[PDB]
> 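Starting off with a structure, shown below.
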Amino acid sequence: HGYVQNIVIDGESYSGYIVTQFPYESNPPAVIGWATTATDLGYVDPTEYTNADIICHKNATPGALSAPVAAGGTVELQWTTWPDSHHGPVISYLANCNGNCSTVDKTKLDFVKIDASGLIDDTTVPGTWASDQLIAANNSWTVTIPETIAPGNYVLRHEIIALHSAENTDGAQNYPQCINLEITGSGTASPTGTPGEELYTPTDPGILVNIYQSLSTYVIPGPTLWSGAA
Ligand SMILES: *[C@@H]1O[C@H](CO)[C@@H](O)[C@H](O)[C@H]1NC(C)=O
Ligand SMILES: *[C@@H]1O[C@H](CO)[C@@H](O)[C@H](O)[C@H]1NC(C)=O
Ligand SMILES: *[C@@H]1O[C@H](CO)[C@@H](O)[C@H](O)[C@H]1NC(C)=O
Ligand SMILES: OC[C@H]1O[C@H](O)[C@@H](O)[C@@H](O)[C@@H]1O
Ligand SMILES: *[C@H]1O[C@H](CO)[C@@H](O)[C@H](O)[C@@H]1O
Ligand SMILES: *[C@H]1O[C@H](CO)[C@@H](O)[C@H](O)[C@@H]1O
Ligand SMILES: *[C@H]1O[C@H](CO)[C@@H](O)[C@H](O)[C@@H]1O
Ligand SMILES: *[C@H]1O[C@H](CO)[C@@H](O)[C@H](O)[C@@H]1O
Ligand SMILES: [Cu+2]
């Protein structure tokens, strides 16, 4: 359980959607993070992989703000304290809004995988994962905006999938978090994305998986990493 509470881009800081506070305010601030009803700080499970909740988490609505970032620059996402038990991959996607992201129809976002890390080392079961690297780096993850991606208004969908109960059908726990970015630069690529409701299935090898054994490989779920990615 947890959420993205802060975002840093080239020395400027942007509050996340503080789901522990904003849902209970009459006038919460405008932020680049999407609002969600995931008030218990929980997850989306595989029974919702074809439903709108998997896109940007439960009942999510776009943030009213966007953060500028140069193509080729970095975006740092700062999570709340992530529990070590929640081992799994850390996956990040960009989707062009082709318009103002704050009024986008989230079912029309086609997500391009631009960053993904999975099982790092399994010499001691259940292994060291991207989520453990995230914990060690001050509970944060940094992604690079591909330098060739065309400028525009994009959603960054940043996600931890916790696998500690994924040995059972519908056991995986997806924690997606969306923020709005205004990407600048001289990129010209418009890679093909995947609709959020088509990213994952409940039987994917990285989704239905028993991490309490030595794994020789872990297939990170979702579409292929885009060749333009860092
Ligand atoms: C989430 O959206 C559904 C579908 O419109 C709605 O029925 C439900 O009440 C919402 N849940 C909230 C706002 O907590
Ligand atoms: C994008 O839409 C939001 C929500 O209506 C609005 O507040 C904001 O001003 C818009 N951004 C621009 C650059 O027009
Ligand atoms: C570590 O994370 C906290 C909150 O998650 C943040 O306030 C702090 O600036 C971060 N430190 C660095 C060096 O990024
Ligand atoms: O449009 C998708 C396409 O965009 C990139 O710029 C190319 O390098 C290809 O490797 C990739 O498949
Ligand atoms: C490691 O070993 C497993 C069998 O457990 C294979 O499925 C995998 O391809 C790799 O060789
Ligand atoms: C667990 O054992 C497997 C072989 O099945 C190795 O691939 C892995 O590195 C770990 O030693
Ligand atoms: C082991 O093999 C799988 C493919 O079966 C890869 O996806 C993984 O990254 C590792 O190389
Ligand atoms: C990942 O890579 C494959 C080809 O390697 C593409 O077909 C796909 O669209 C994604 O960019
Ligand atoms: Cu949890």
Side-chain angles (χ1 to χ4, degrees), residues 49-50 54-56 69 71-75 84-98 104 106-136 141-169 171-172 174 176 178 181 183 185-230:
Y49 280 173
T50 65
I54 191 67
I55 297 171
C56 283
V69 61
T74 52
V75 181
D84 300 66
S85 71
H86 287 34
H87 296 291
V90 174
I91 321 191
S92 303
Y93 305 83
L94 283 176
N96 200 326
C97 299
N98 290 111
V104 72
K106 60 175 178 191
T107 69
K108 305 285 185 65
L109 294 163
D110 294 326
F111 294 99
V112 172
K113 182 188 272 172
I114 63 156
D115 191 274
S117 284
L119 178 59
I120 309 304
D121 183 58
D122 219 357
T123 69
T124 307
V125 156
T128 296
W129 298 71
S131 57
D132 303 291
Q133 283 175 337
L134 179 145
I135 288 159
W141 200 257
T142 306
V143 312
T144 300
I145 300 306
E147 61 199 338
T148 64
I149 202 143
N153 302 322
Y154 295 70
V155 174
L156 179 71
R157 180 188 183 284
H158 172 70
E159 170 184 51
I160 310 173
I161 306 173
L163 301 175
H164 56 287
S165 207
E167 88 279 6
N168 288 143
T169 289
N174 291 67
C178 295
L181 298 176
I183 299 175
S186 58
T188 71
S190 324
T192 306
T194 297
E197 295 174 358
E198 283 167 36
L199 294 169
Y200 310 126
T201 87
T203 62
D204 293 344
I207 294 297
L208 178 58
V209 65
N210 193 327
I211 70 174
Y212 303 106
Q213 79 199 304
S214 202
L215 306 156
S216 54
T217 198
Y218 172 78
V219 181
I220 297 172
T224 61
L225 177 64
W226 178 47
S227 77

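For ligands, and for the atoms within them, numbers begin at 1 and follow the listed sequence. In what follows, every heavy atom counts, from backbone to side chain, and hydrogens, waters and symmetry copies are set aside. For this chain, numbers begin at 1 and follow the sequence in order.
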> With a 4.0 angstrom cut-off on heavy atoms, strictly below it, pick out the residues next to ligand 5 and order them by chain and number.
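Correct list: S216.
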> Evaluate whether atom CD of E197 has more than 12 neighbouring non-hydrogen atoms of other residues, nucleotides or ligands under 6.0 angstrom away.
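Yes, the 6.0 Å shell around CD holds more than 12 heavy atoms from other groups.
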> Does ligand 6 have an atom under 4.0 Å from some heavy atom of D122?
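Checking ligand 6 against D122, which is what was asked, there is a heavy-atom contact under 4.0 Å.
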> For ligand 8 and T224, I'd like to know whether there is a polar contact (N/O to N/O, distance under 3.5 Å).
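Between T224 and ligand 8 (N or O atoms, distance only) the closest approach is under 3.5 Å.
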> Work out which heavy atom in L199 is nearest to a heavy atom in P223; give both atom names and the distance.
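For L199 versus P223, the nearest heavy atoms are CD2-CD, 3.6 Å.
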> For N174, give me all partners under side chain to side chain donor-acceptor pair (under 3.5 Å), at least two apart in sequence or on another chain.
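For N174, the residues satisfying side chain to side chain donor-acceptor pair (under 3.5 Å) (neighbours in sequence not counted) are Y49, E159.
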> Quick one: which ligand 8 atoms are inside 4.0 Å of a heavy atom on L225?
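Every atom of ligand 8 under 4.0 Å from some heavy atom of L225: 1 (C), 2 (O).
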> Using ring-ring contact (aromatic ring centres under 6.0 Å, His included), reason through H87 and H164 one step at a time and then give a plain yes or no.
CA-CA 6 Å; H87 296 291; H164 56 287; 8.5 Å; no
> I need the full list of side chain to side chain donor-acceptor pair (under 3.5 Å) pairs touching residues 114-127, with sequence neighbours left out, sorted by first then second residue.
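Listed once each, the pairs are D115-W141, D121-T123.
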> Output, in order, the C-alpha distance, side-chain angles, deciding distance and verdict of side chain to side chain contact (heavy atoms under 4.5 Å, CB included) for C97 and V155.
CA-CA 7 Å; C97 299; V155 174; 3.6 Å; yes
> Which pairs count as side chain to side chain donor-acceptor pair (under 3.5 Å) when at least one residue sits in residues 208-230, sequence neighbours excluded?
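Counting only pairs at least two positions apart or across chains, no side chain to side chain donor-acceptor pair (under 3.5 Å) contact touches residues 208-230.
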